[PDB]
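Ideal geometry is used to build each Cβ from the backbone, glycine not excepted, and the neighbour counts take in all protein chains shown. Quick note: the coordinates plus some simple rules give every number you see, no bench work behind them.
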Amino acid sequence: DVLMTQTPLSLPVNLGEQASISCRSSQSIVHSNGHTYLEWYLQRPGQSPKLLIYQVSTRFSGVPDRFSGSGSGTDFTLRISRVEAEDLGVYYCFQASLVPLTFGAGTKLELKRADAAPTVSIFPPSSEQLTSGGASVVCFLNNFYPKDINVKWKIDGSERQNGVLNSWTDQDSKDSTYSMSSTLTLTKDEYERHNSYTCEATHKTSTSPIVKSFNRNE
Amino acid sequence: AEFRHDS
Amino acid sequence: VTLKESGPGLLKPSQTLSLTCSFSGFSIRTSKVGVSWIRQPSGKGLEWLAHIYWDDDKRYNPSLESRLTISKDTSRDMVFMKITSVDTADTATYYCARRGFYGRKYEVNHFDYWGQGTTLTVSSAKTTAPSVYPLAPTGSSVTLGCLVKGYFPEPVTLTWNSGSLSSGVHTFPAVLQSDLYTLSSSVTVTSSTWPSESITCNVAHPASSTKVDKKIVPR
């Protein structure tokens, strides 16, 4: 199958700056008929995908000339000369020469801002939850940038990878930051067997991980 | 296998 | 030119998905455009599934092909998709996309129009009310939260102090795990605000007609 590798997968930009997305196919996508069915699609936040460029470099009707596609064979580039707010979203390259037709993974063109450390908060199980036989521990990691972050749970010093539920907000429409919520769910019986509970965040804004912990018995 | 494209 | 997808919204694992795409503004018969189905699974990008040509020739993505059947009805101006034996991973937005072309240049074709899509969630769950739990914690601010656990289907609505507390709130997208949704929300206020003033999570789950107001109270 034709693997379509986009680089980068995340592309923060300031409005008014140029942007470039590379798309590499794993084999030639020149069709026997002579055309190269390389298409670029844009999916704006909360919208359906839309056609930007087809046959490598032909703009679809209504697509402005700040968009330009180039390349050949396996090697393709989308350039945007002066990024506007309407340009933000997820860009996919797409080959329609060989079956299965395949998309790249998507490149998220987003509004850039300065780095920001997460503010981290940890929450023991509520009394109400415990009385029902459950025990969830919640950790909020709020107002950080960039989006890349690693959250690790430990119970009595040992990492827990299972029973975790994570969710991320969309980029804030005002301050451009991200937030994350992570929930570790145990039984009440398990919760009552252990002492220390730790949420540990690794982010580029701290030279050491940001650690929040509590002891069940405090 | 190639995708069909008509002419 | 408009495209409109229809589908069931929710299905249980092992059921068959039947999708329809209906076209306006032009004729499938006259135009001879090809039509594909593409999907976007939860938290992933786009995946092409199937394509049908004007003469009912068909192509499929081998990764799913054994489960897929695409068809068309030119008299009705509609294209259909069946996906058998649905499971959790079929939870996705399903797009109809027209492979239109420039003029009478059939070979210069591309996905020129896409529908709004139809969302499917696959789960064994019957309608289930959430449990709503208050998350209570020295410094200048305090962060509180609300955990809304084990509900079906979407949506829930969550507000803080009946909508009056909006600054410093982050309400996180729901996540489906083991057939039920969980959602959560944090709110940050000055330490002089709480616990001296009440802060309450207001949660409604219309499908179960549940409405809960959970005050966040110190431990």
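Hey, rough spin-label estimate for C:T119 and C:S208, points 7 angstrom out along Cα→Cβ, what's it come to in nanometres?
Reported label-point gap for C:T119 and C:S208 is 1.9 nm.
Given +1 on the Cβ of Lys and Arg, -1 on the Cβ of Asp and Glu, and no further charges, what dipole in debye does region A:115-214 carry about its Cα centre, rounded to the nearest 20?
120
Placing +1 on the Cβ of each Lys and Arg and -1 on the Cβ of each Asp and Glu in region A:115-214, which of A:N166, A:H203, A:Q129 has its Cα farthest towards the positive end of the resulting dipole?
My answer, from the dipole projection, is A:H203.
Tell me the relative contact order for region A:86-214 as a rounded percent, counting alpha carbon contacts under 8 Å between residues six or more apart.
Numbers: 248 pairs, mean separation 31.8, N = 129.
This gives 25 percent for region A:86-214.
When the Cα centres of region C:63-108 and region C:1-43 are compared, how far apart do they sit, in Å?
If you average the Cα positions of each part, the centres end up 6 Å apart.
To the nearest 20 debye, what charge dipole does the protein assembly as shown have about its Cα centre, counting +1 at the Cβ of each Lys and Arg and -1 at the Cβ of each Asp and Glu? Before the final figure, lay out the partial values.
Working: 43 positive and 40 negative charges, 75 e Å.
Its charge dipole is roughly 360 debye.
Choose one of C:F101, C:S66, A:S25: the residue whose Cα lies farthest towards the positive end of the charge dipole of the protein assembly as shown (beta-carbon charges +1 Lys, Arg; -1 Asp, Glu; about the Cα centre).
Checking the options against the dipole of the protein assembly as shown, the answer is C:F101.
Evaluate the relative contact order of chain A (contact order divided by residue number), counting alpha-carbon pairs under 8 angstrom at least 6 apart; express in whole percent.
Once divided by the residue count of chain A, the mean separation gives 18 percent.
Using alpha carbon centroids, what distance separates region A:77-144 and region C:129-207, in Å?
20
Given contacts defined as C-alpha pairs under 8 Å and at least six residues apart, what's the relative contact order of region A:1-113, whole-number percent?
On the way: 281 pairs, mean separation 43.4, N = 113.
That works out to 38 percent.
Between C:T30 and A:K112, with labels modelled 7 Å along Cα→Cβ, what's the label distance in nm to one decimal, could you check?
Distance between label points: 4.9 nm.
Pick out which of A:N162, A:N14, A:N33 has the largest mean-square fluctuation in a Gaussian network model of chain A, springs linking Cα atoms closer than 10 Å.
Maximum among the listed residues: A:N33.
Once the cut-off is 29 Å, how many percent of the Cα-Cα pairs in chain C end up in the long-distance tail?
Tail of the P(r) past 29 Å holds 45 percent of the pairs.
Given bins 10 angstrom wide, list per bin the percent of all Cα-Cα distances in region C:1-124, short to long.
13, 47, 30, 8, 1
Distance in nm between label sites at C:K82 and C:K12, each 7 Å beyond Cα in the beta-carbon direction?
2.0
Sequence neighbours fewer than 8 away in the same chain don't count; with that in mind, list the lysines whose C-alpha is under 16 Å from A:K204.
Within reach: A:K112, A:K147, A:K152.
Based on other C-beta atoms within 10 Å, arrange A:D65, C:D56 from fewest to most.
A:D65, C:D56
Per residue of the protein assembly as shown, what 222 nm ellipticity follows from adding -39500 (n - 2.57) for every DSSP H run with n ≥ 4, rounded to the nearest 500?
Estimated from H runs of four or more residues: -500 deg cm²/dmol.
Under unit Cβ charges (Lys, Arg +1; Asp, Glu -1), what dipole magnitude, rounded to 20 debye, does chain C have relative to its Cα centre?
Working: 22 positive and 16 negative charges, 29 e Å.
It works out to roughly 140 debye.
Have a look at A:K174, A:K50, A:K112 and tell me which one the Gaussian network model of chain A (Cα, springs below 10 Å) gives the largest fluctuation.
In the Gaussian network model the winner is A:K174.
Quick one: 3J(HN,Hα) in Hz for region A:194-204, Karplus 6.51/-1.76/1.60 with θ = phi - 60°, rounded, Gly and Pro as x.
In residue order, the calculated couplings are 10, 10, 9, 10, 9, 10, 10, 10, 10, 9, 4 Hz.
When the Karplus curve 6.51 cos²θ - 1.76 cosθ + 1.60 is applied with θ = phi - 60°, which whole-Hz ³J(HN,Hα) does each residue of region A:89-98 get, with x for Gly and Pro?
x, 9, 9, 10, 7, 7, 10, 10, 9, 10
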